[PDB]
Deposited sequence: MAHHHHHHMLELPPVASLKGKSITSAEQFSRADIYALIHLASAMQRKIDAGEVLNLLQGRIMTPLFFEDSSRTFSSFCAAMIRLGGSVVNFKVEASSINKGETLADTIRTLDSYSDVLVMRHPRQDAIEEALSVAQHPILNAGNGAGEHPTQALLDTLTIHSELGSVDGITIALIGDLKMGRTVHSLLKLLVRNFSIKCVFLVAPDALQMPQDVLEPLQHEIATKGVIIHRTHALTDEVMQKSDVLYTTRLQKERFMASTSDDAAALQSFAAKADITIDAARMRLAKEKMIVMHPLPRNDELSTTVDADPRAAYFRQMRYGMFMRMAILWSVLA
């Protein structure tokens, strides 16, 4: 019914590159099985007596709350550790902070801007660590929920035309999304609406025959993915019938509130797919 993904058991998750196609599909179907059960109004006790602790050294609305609700809806609990009210103010090191939370918890959810910080944490923690985002563009559960969103709303990820839109120079998190999409699925076409990112993919781009075009988008795209070239109701008049608009959030003026009523606006539903994908992930790690 809710079979854990075996390959993730006990694994720390820090990068989307750690997943095969087969993991990605298994997580998608597990998250869908989670949605069915939860929207039926039924309880899960799968992680009763298990603790997640968040270590957020940066702010998060979405990701922090999503992670907590996921754990709770699996029947688990959350220790509300706050970095700003911690013994870090008395000089405690990052390594000592990890060992501390590791003495009480079953899983840690870490958000820290620096990649070598999550790495130092991995070298001292006995329990799994899940990366909730860093400045290197590693946000693996965002990449997976985005992919679940496309799959669920359109029926499939293979075959799609997708526009990536916004800060695609310094937006390291979408560079990861592209890589997951390109390595695991058969994308028809990418638009980059605005070197080191596309080069590692050139092979699969050629092998799989993925058409690329930097910048017409409105008419051809199955997915308009934007980040904080404005999308509004007027521009949506040119979009196709079966398509979606996505945004990891938060947004500024690049995505008008005039889109919010459009049934193709998928960026609020996107957050709820996030809860279910994170349920799929937590259960799989801790089963």
**Item:** Stretches of the record's deposited sequence for which the structure holds no C-alpha atoms
**Value:** 1 to 10, 205 to 211, 233 to 237, 251 to 275
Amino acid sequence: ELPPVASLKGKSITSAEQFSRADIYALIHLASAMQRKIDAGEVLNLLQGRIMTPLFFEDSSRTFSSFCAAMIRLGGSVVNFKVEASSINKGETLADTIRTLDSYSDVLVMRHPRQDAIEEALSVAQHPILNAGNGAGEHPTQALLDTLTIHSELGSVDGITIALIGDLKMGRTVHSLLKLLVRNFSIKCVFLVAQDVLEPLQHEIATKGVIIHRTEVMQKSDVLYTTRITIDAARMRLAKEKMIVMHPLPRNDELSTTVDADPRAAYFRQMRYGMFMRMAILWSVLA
From here on, numbers count along this sequence of modelled residues.
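Under this definition, the rigid core comprises the largest set of C-alpha atoms superposing within 1.5 Å between the forms.
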**Message:** Which segment is farther from the shown form on average in 6 other deposited structures of this protein after a rigid core fit, 195 to 203 or 121 to 129, going by CA atoms?
**Reply:** 195 to 203
**Prompt:** Core fit done; bigger CA RMS in 6 other deposited structures of this protein for 75 to 83 or for 110 to 118?
**Reply:** 110 to 118
**Message:** Given the other compared entries that model the residues flanking it, would you say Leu144 is unmodelled in at least one third?
**Reply:** no
**Prompt:** Is it true that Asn134 goes unbuilt in a third or more of the other compared entries of this protein?
**Reply:** no
**Fill in**
Between 29 to 37 and 238 to 246, the record assigns the higher mean Cα B factor to 238 to 246
**Asked** Higher mean Cα B-factor in the deposited model: 183 to 191 or 127 to 135?
**Response** 183 to 191
**Message:** Between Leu145, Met170, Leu154, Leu74, which one tops the list for Cα B-factor in this entry?
**Reply:** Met170
**Fill in**
Looking only at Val43, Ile229, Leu55, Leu46, the Cα with the top B-factor belongs to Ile229
**Fill in**
Binned into thirds over the chain's modelled residues, the C-alpha B-factor of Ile88 lands in the middle
**Prompt:** Within this chain, which third does the Cα B-factor at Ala233 fall in: lowest, middle or highest?
**Reply:** highest
**Message:** Considering every modelled residue of the chain and its Cα B-factor in the PDB entry, is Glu120 in the lowest, middle or highest third?
**Reply:** middle
**Prompt:** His213: which third of its chain by C-alpha temperature factor?
**Reply:** highest
**Message:** Please place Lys82 in the lowest, middle or highest third of its chain according to the CA B-factor in the PDB entry.
**Reply:** middle
